[PDB]
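Just one chain follows, in the form deposited in one PDB entry, and it is written as structure tokens.
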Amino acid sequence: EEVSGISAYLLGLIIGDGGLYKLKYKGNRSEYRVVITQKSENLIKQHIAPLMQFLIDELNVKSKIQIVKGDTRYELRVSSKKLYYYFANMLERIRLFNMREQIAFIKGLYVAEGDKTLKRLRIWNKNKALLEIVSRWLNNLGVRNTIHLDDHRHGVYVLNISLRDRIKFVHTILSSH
């Protein structure tokens, strides 16, 4: 209930600004990574990490939250086969998210990939199918929107939330838990 909401939010940040990596090292070593990157140190240590910690505690993951400071950004990383599959399986069943999870995930995805000036309401991603899934959710919530190829340099698509529904958007999705 509370776990899955926080889960879908985190999944949003992950699919947005991180990822789920199954790596094969020399040899034959392996690792399973749950990753969120961000520039803001504060956002990652004060906001995201306590949420990942709760989820880790709640699923008995003996793994730790790593925070690696690279040149351009902070990488929050959990190295854990268990947490990995947890999100990956949730991702596999994304089309089945209930209302709480939908709002949670879109919130997460907006923080990552969204227009922060909020003068325009936009979401970027190369994954058209992902954006399409999000678009259908927004329609069932009374938030009109269109999708179209924004950046031909890189095949990045954009999801544009109609300014007509700005307030229904900002207070239903972004101003939640």
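For every residue, the number given is its place in the sequence shown, counted from 1. Heads up, when I say rigid core I mean the largest set of C-alphas that superpose within 1.5 Å between the two forms.
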Response to the item:
Stretch with higher mean Cα temperature factor, 104 to 112 vs 26 to 34, is 26 to 34
Fill in: Given 35 to 43 and 125 to 133, the range whose Cα B-factors average higher in the PDB entry
35 to 43
Worksheet item: Which has the highest CA B-factor per the PDB entry: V156, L20, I167, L11?
Response: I167
Practice prompt. Relative to the other modelled residues of the same chain, rank the CA B-factor of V68 and answer lowest, middle or highest third.
Written response: highest
Fill in: Cα B factor band for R120 (lowest, middle or highest third within the chain)
highest
Fill in: B-factor third for the C-alpha atom of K62 within its chain
highest
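Keep in mind the form deposited in another entry is missing from the figure; the text below concerns it.
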Fill in: Shifted position (C-alpha, 2 Å or more, core held fixed) between the shown form and the other one, chosen from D151, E31, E41, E58
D151
